[PDB]
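A.B. asks: One structure is given below, represented as structure tokens, and several questions about it will come after.
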Amino acid sequence: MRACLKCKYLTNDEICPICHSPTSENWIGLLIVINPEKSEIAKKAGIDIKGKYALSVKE
Amino acid sequence: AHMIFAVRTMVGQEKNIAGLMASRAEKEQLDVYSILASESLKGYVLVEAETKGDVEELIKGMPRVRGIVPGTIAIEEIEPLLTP
Ligand SMILES: [Zn+2]
């Protein structure tokens, strides 16, 4: 599993389905947003679409 | 929004349990909004939900979960976890 280098979205894809940036296997932490509209944590994380995200990522 | 709870898990099973939780939340249509597993918080998963009952139903019979920490967690105690 990889994470978008820009938005941290988690995927097996080498390219983020949201923002088209490269993804990396080198990621840490897990935030699963089930309901972006109702999640205060998602809002603090700048997440507005459902999915799973890393907390930090590097190349 | 409001309620966030810490769910105690086995150390090292945090992400695994977050995954099972998300699946169960969707399947059972529970009012669970997000699930957070921070590396700096071993043995616990944080669950944002409408009520404590949602979290009780979420973890009901789930392996490798020990229970729910008493009391809600304030959003300010969580924010530092967002940028590791
Ligand atoms: Zn992205």
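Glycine also receives a Cβ, built like all others from the backbone with ideal geometry; neighbour counts cover every protein chain displayed. What follows is calculated from the coordinates using simple rules that are stated; it is not laboratory data.
A.B. asks: Residues in the stretch B:13-56 that are touching a residue at least 40 places away in the same chain (Cβ under 8 Å), buried (at least 17 other Cβ atoms within 10 Å of the Cβ) and either aromatic (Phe, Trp, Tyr) or under 22 Å from A:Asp48 (Cβ atoms) (or both): how many?
C.D. replies: 7
A.B. asks: Go through the stretch B:57-84 residue by residue and tally those that are surrounded by fewer than 13 Cβ atoms within 10 Å (Cβ to Cβ) and either of a type in the set (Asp, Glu) or within 22 Å of A:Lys38 (Cα to Cα) (or both).
C.D. replies: 7
A.B. asks: Quick one: what pairs do we get from the stretch A:3-24, first residue within 14 Å of chain B (Cβ to nearest Cβ) and hydrophobic (A, V, I, L, M, F, W, C), second within 8 Å of the ligand (Cβ to nearest atom) and in a strand (DSSP E or B), C-beta under 9 Å, 6+ apart or different chains?
C.D. replies: A:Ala3/A:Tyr9; A:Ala3/A:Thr23; A:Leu10/A:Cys4; A:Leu10/A:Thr23
A.B. asks: Please verify whether A:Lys44 is without any contact (Cβ under 8 Å) to a residue 40 or more places away in the chain and more than 10 Å from the ligand (Cβ to nearest atom), treating the condition exactly as stated.
C.D. replies: yes
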